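final.pdb (PDB, C-alpha atoms) appears below.
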ATOM      1  CA  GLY A   1      -1.346  43.719  25.468
ATOM      2  CA  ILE A   2      -2.635  40.934  23.252
ATOM      3  CA  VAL A   3      -6.220  40.393  24.405
ATOM      4  CA  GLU A   4      -6.662  44.070  23.414
ATOM      5  CA  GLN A   5      -8.734  42.609  20.551
ATOM      6  CA  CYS A   6     -10.593  39.641  22.072
ATOM      7  CA  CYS A   7     -11.229  41.809  25.133
ATOM      8  CA  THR A   8     -12.315  44.844  23.085
ATOM      9  CA  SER A   9     -13.724  42.564  20.361
ATOM     10  CA  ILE A  10     -14.018  38.858  19.464
ATOM     11  CA  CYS A  11     -11.326  36.498  18.118
ATOM     12  CA  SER A  12     -11.024  32.723  17.623
ATOM     13  CA  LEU A  13      -9.907  30.145  20.207
ATOM     14  CA  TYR A  14      -7.164  29.447  17.649
ATOM     15  CA  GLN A  15      -5.675  32.948  17.913
ATOM     16  CA  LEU A  16      -5.850  33.054  21.734
ATOM     17  CA  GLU A  17      -4.007  29.715  21.731
ATOM     18  CA  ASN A  18      -0.892  31.877  21.289
ATOM     19  CA  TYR A  19      -1.647  33.797  24.511
ATOM     20  CA  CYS A  20      -0.135  30.865  26.433
ATOM     21  CA  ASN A  21       2.996  31.915  28.360
TER
ATOM     22  CA  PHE B   1     -20.038  28.717  20.190
ATOM     23  CA  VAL B   2     -21.157  32.312  20.842
ATOM     24  CA  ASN B   3     -19.888  35.673  19.539
ATOM     25  CA  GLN B   4     -19.940  38.677  21.899
ATOM     26  CA  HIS B   5     -17.669  40.904  24.019
ATOM     27  CA  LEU B   6     -14.966  38.673  25.530
ATOM     28  CA  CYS B   7     -13.380  41.112  28.010
ATOM     29  CA  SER B   8     -15.006  39.361  30.982
ATOM     30  CA  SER B   9     -15.450  35.874  32.463
ATOM     31  CA  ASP B  10     -15.433  34.701  28.829
ATOM     32  CA  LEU B  11     -11.931  35.856  27.839
ATOM     33  CA  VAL B  12     -10.431  34.298  30.971
ATOM     34  CA  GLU B  13     -12.680  31.337  30.135
ATOM     35  CA  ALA B  14     -11.350  31.000  26.588
ATOM     36  CA  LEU B  15      -7.705  30.859  27.662
ATOM     37  CA  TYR B  16      -8.880  28.752  30.614
ATOM     38  CA  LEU B  17      -9.463  26.177  27.873
ATOM     39  CA  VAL B  18      -6.505  26.546  25.511
ATOM     40  CA  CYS B  19      -4.187  27.831  28.272
ATOM     41  CA  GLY B  20      -5.984  26.377  31.317
ATOM     42  CA  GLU B  21      -2.780  24.900  32.782
ATOM     43  CA  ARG B  22      -0.298  27.130  30.926
ATOM     44  CA  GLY B  23      -1.466  30.055  33.091
ATOM     45  CA  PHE B  24      -2.166  32.754  30.478
ATOM     46  CA  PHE B  25      -1.056  36.327  31.266
ATOM     47  CA  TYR B  26      -4.579  37.770  30.987
ATOM     48  CA  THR B  27      -3.773  40.360  33.681
ATOM     49  CA  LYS B  28      -4.700  44.061  33.432
ATOM     50  CA  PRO B  29      -4.097  45.543  29.969
ATOM     51  CA  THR B  30      -1.498  48.014  31.272
TER
END

Can you present the structure in this file as structure tokens?
Amino acid sequence: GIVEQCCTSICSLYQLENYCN
Amino acid sequence: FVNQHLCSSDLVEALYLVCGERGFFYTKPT
């Protein structure tokens, strides 16, 4: 439910740094 | 760096960097 953008788009390594669990 | 669709070996690759040991929950987008 979060990659919805990066997956269907492109983000910044800085924003996916919050995907950590 | 590059800029293109990430839903693929790239997305998992990205997190593989930032969350390479944190095990990111990049499972199916249910």

Task: Matched chain/residue IDs from the PyMOL selection byres ((chain A and resi 17-21) around 10), as JSON, numbers by chain - done: {"A": [1, 2, 3, 12, 13, 14, 15, 16], "B": [14, 15, 16, 17, 18, 19, 20, 21, 22, 23, 24, 25, 26]}

Open item on the list: From the options B:29, B:1, B:7, B:13, which residue's atoms come nearest to residue 7 in chain A, counting all atoms listed in the file?
Closed with: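 Under the stated criterion, the closest residue is B:7.
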
TODO: Quote the spacing between CA of residue 5 in chain B and CA of residue 4 in chain A in Å to one decimal place.
DONE: 11.5 Å

Chain A rebuilt with N, CA, C and O atoms, output as a short mmCIF file (atom, residue, chain, number, x, y, z; two decimals), in the frame of the given file:
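Result went into out01.cif, see below:
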data_model
loop_
_atom_site.label_atom_id
_atom_site.label_comp_id
_atom_site.auth_asym_id
_atom_site.auth_seq_id
_atom_site.Cartn_x
_atom_site.Cartn_y
_atom_site.Cartn_z
N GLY A 1 -1.58 43.11 26.85
CA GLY A 1 -1.35 43.72 25.47
C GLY A 1 -1.71 42.94 24.25
O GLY A 1 -1.53 43.38 23.14
N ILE A 2 -2.25 41.76 24.43
CA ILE A 2 -2.64 40.93 23.25
C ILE A 2 -4.15 40.77 23.22
O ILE A 2 -4.78 40.86 22.18
N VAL A 3 -4.74 40.55 24.35
CA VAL A 3 -6.22 40.39 24.40
C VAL A 3 -6.88 41.70 23.96
O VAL A 3 -8.07 41.75 23.71
N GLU A 4 -6.11 42.75 23.85
CA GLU A 4 -6.66 44.07 23.41
C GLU A 4 -7.77 43.87 22.38
O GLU A 4 -8.71 44.64 22.30
N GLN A 5 -7.68 42.85 21.58
CA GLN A 5 -8.73 42.61 20.55
C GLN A 5 -9.84 41.75 21.16
O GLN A 5 -10.96 42.20 21.34
N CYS A 6 -9.55 40.52 21.48
CA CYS A 6 -10.59 39.64 22.07
C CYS A 6 -11.32 40.42 23.16
O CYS A 6 -12.54 40.48 23.19
N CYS A 7 -10.59 41.02 24.05
CA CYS A 7 -11.23 41.81 25.13
C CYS A 7 -12.11 42.89 24.50
O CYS A 7 -13.31 42.92 24.69
N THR A 8 -11.52 43.77 23.74
CA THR A 8 -12.32 44.84 23.08
C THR A 8 -12.83 44.35 21.73
O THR A 8 -12.87 45.08 20.76
N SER A 9 -13.22 43.11 21.65
CA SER A 9 -13.72 42.56 20.36
C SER A 9 -13.94 41.05 20.49
O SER A 9 -14.20 40.54 21.56
N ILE A 10 -13.82 40.33 19.41
CA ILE A 10 -14.02 38.86 19.46
C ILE A 10 -13.02 38.18 18.52
O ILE A 10 -12.89 38.55 17.37
N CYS A 11 -12.32 37.19 18.99
CA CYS A 11 -11.33 36.50 18.12
C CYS A 11 -11.70 35.02 17.98
O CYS A 11 -12.86 34.65 18.07
N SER A 12 -10.73 34.18 17.76
CA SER A 12 -11.02 32.72 17.62
C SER A 12 -10.14 31.93 18.59
O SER A 12 -8.96 32.20 18.73
N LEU A 13 -10.70 30.96 19.25
CA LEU A 13 -9.91 30.14 20.21
C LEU A 13 -8.54 29.82 19.60
O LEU A 13 -7.58 29.59 20.31
N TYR A 14 -8.46 29.78 18.30
CA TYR A 14 -7.16 29.45 17.65
C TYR A 14 -6.16 30.59 17.81
O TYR A 14 -4.97 30.37 17.93
N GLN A 15 -6.62 31.81 17.79
CA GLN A 15 -5.68 32.95 17.91
C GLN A 15 -5.31 33.16 19.39
O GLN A 15 -4.21 33.57 19.71
N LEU A 16 -6.21 32.87 20.30
CA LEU A 16 -5.85 33.05 21.73
C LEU A 16 -4.98 31.88 22.18
O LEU A 16 -4.40 31.90 23.25
N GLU A 17 -4.86 30.87 21.36
CA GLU A 17 -4.01 29.72 21.73
C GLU A 17 -2.56 30.19 21.81
O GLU A 17 -1.70 29.53 22.37
N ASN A 18 -2.28 31.34 21.25
CA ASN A 18 -0.89 31.88 21.29
C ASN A 18 -0.71 32.72 22.55
O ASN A 18 0.39 33.13 22.88
N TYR A 19 -1.77 32.98 23.27
CA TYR A 19 -1.65 33.80 24.51
C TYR A 19 -0.89 33.00 25.57
O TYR A 19 -0.33 33.55 26.50
N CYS A 20 -0.86 31.70 25.44
CA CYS A 20 -0.14 30.86 26.43
C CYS A 20 1.21 31.51 26.77
O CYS A 20 1.81 32.19 25.96
N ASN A 21 1.69 31.31 27.97
CA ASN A 21 3.00 31.92 28.36
C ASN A 21 3.95 30.81 28.83
O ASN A 21 3.59 29.65 28.70
#
